[PDB]
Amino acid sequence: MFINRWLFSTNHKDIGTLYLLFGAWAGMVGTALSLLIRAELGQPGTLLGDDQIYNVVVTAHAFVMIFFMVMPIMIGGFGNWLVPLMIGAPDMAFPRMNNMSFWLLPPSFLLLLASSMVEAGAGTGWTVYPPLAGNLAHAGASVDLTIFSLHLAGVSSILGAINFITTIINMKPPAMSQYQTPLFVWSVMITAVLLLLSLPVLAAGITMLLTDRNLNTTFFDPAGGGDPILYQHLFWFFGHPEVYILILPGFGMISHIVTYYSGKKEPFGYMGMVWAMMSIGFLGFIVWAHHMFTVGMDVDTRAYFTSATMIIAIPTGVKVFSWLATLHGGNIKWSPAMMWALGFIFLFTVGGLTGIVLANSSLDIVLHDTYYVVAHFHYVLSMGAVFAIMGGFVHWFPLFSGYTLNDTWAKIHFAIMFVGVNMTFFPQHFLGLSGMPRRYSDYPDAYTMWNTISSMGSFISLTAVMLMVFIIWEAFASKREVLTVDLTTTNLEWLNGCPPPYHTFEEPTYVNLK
């Protein structure tokens, strides 16, 4: 019974729950890796050992947070629970293949942990650039186990994306056009089209790195006529779309949360929100070499990547303002979920705005490979993707479990986290402008004050993480069972009750074509 249910699943809700659990466990590993980082940097000198060990920690930190935390929660977790409910579908199109998406992640995680246990770890950066990631400067199994980890995570997400796109286009009620699906479902679809197009290119480029390391090819080795910078283009041609992948389901959830705790039946400017997500999607595939502005590219190439990168502010600004216009006139409910979404709106906008500073190739010469970048991307990831995750979690926890959280504790958790992440990352802008490089285990003495504070903020985030776990315990311990939820008329995923039965929409909804 157990093994049939949880190892052999063909049910979108139980597979969605497994992804949530997996992603929460990855969050704790990611959080530990991040405290090791800030502990090394929390005073001048050397805490752990030289740059090799420090950057094995740094690399795993990124891979765990992006691949094992954010994507599985947002897409495997929320996406599988919610998308079939929100379109009145009985399950995903390929419910059995959906379960292999899930079961590829624990082995992909094992290969990542193996890579760090053997030899001296892969201390390469999560971008795995050669030649440092090559078989001379990283001899032995760690980079290969890393590559293989990524292959499996890749296959997992490409089969997920085919499942989501198919299910969203093919399994809506016959009367429902694509422009009558909720924005979260739109964000999963766009997201999946991006996974589909971008992961095969990373798979090609990490395959060439594997053959360069193990079969005597020279795609990236100038001695055989190859080029290390080709690898960067391949990687980035995936890596920019990847960060739009990490954010877009967060934008979808935000729009549902803001709408719901403003007392609104619908988000402001629906079609503009759609158009914005599709534009950001598309634009996200033509801008990748803004990660290469110091490699030595011609000037016109740099002019074009600066401008194509900037233009993304326009559709992204449409979203920000439509979220404000959704709040406008609302009957505002100050839930813990709403607080995470309001923080999202403001702190994403700040990190999106320092993205725009970085889009300027002239100034990026001096910001590139410094903590300015690090401050940028943690605003959008630690206070953007993560805030959406948390707002989605506290919002839909009662739906998934049938139990309520304590709102007061969840408010306290938000407040602690808000202070902890800002204290962590805000001073890193100063570190970046004043010239502190990335991927350093130690720093010239002048950079001490900000690194000390940043490390202290990281501890405040730790306490927020440990508190979250006690909060989830408390909910399950106390068993306050949900009774009534408002606004079901425009929130279909709640209408089968909490938690919904294993099988829902065995009889589809009735929707007239008129």
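C-alpha atoms forming the largest set that superposes within 1.5 Å between two forms make up the rigid core. From 1 onward, residues are counted along the sequence shown.
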Higher-deviation stretch (C-alpha RMS, rigid core fit) in 7 other deposited structures of this protein, choosing from 48-56 and 35-43: 48-56
381-389 against 274-282 - segment lying farther from this form in 7 other deposited structures of this protein (CA RMS, rigid core fit): 381-389
The stretch whose C-alpha atoms carry the larger average B-factor in the entry, 365-373 or 295-303, is 295-303
Tell me which of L132, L195, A175, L358 tops the list for C-alpha B factor in the record. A175
From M71, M86, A289, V128, which pick has the Cα B-factor that tops the rest in the entry? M71
Against its chain's modelled residues, does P95's Cα B factor rank lowest, middle or highest third? highest
When the deposited Cα B-factors of this chain's modelled residues are ordered and cut into thirds, is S142 in the lowest, the middle or the highest one? lowest
Position of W186 among the chain's modelled residues by C-alpha B-factor, lowest, middle or highest third: middle
Binned into thirds over the chain's modelled residues, the C-alpha B-factor of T490 lands in the middle
For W473, does the deposited CA B-factor place it in the lowest, middle or highest third of the chain? highest
